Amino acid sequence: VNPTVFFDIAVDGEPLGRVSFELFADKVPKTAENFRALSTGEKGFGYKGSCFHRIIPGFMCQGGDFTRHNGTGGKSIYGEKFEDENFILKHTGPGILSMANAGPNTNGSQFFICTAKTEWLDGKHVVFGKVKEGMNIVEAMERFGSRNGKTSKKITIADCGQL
């Protein structure tokens, strides 16, 4: 049965709330397991303490660079990057959890959470999960974003794990 993971979000160190995600291991097992393992830290590295570096109101919240903390880094549990698993699932609306990349077959650890339907990303980013609880936390994170994604506060994954 599909695993469930959570992030505890903080804003300049102050608790905001918990968001949890269902990961669609039934449809993208490789991509789901990467995200699961990075949320638990079990490989010795992962999301805990990393930031949401890019937040663009009306579109999405992006994070997952835990190696450089500047938006350029991140790595998967399979190597620095891994191939696109499939594009079965689409960016249908708010709450979709999907992989960031720099072109074909460059998945690492960065990911984004849609706050709107982003249909033009279909076939280009691997969708592998969706928000289960705490979509209002993701909505609240938009208050700290901007047109080019620069954030006005430090938005962190203060804790994360598997439920």
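Quick note: we count residues from 1 along the sequence shown, nothing fancier.
K.L.:
Please compare 45 to 53 with 108 to 116 and name the stretch with the higher mean C-alpha B-factor in the deposited structure.
P.N.:
Between 45 to 53 and 108 to 116, it is 45 to 53.
K.L.:
On average, which has the higher Cα B-factor in the deposited entry, 35 to 43 or 64 to 72?
P.N.:
Higher mean C-alpha B-factor: 35 to 43.
K.L.:
Compare the C-alpha B factor of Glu142 with those of the other modelled residues in its chain, then answer lowest, middle or highest third.
P.N.:
Middle third.
K.L.:
Would the CA B-factor of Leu121 place it in the lowest, middle or highest third of its chain?
P.N.:
Middle third of the chain for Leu121's C-alpha B-factor.
K.L.:
In terms of the CA temperature factor given in the entry, to which third of its chain does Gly58 belong: lowest, middle or highest?
P.N.:
Ranked within chain, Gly58 CA B lands in the lowest tercile.
K.L.:
Can you work out whether the C-alpha temperature factor of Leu97 puts it in the lowest, middle or highest third of the chain?
P.N.:
As the PDB entry reports it, the C-alpha B-factor of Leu97 lands in the lowest third of its chain.
K.L.:
Which third, lowest, middle or highest, does the CA B-factor of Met135 fall in along this chain?
P.N.:
Ranked within chain, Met135 CA B lands in the middle tercile.
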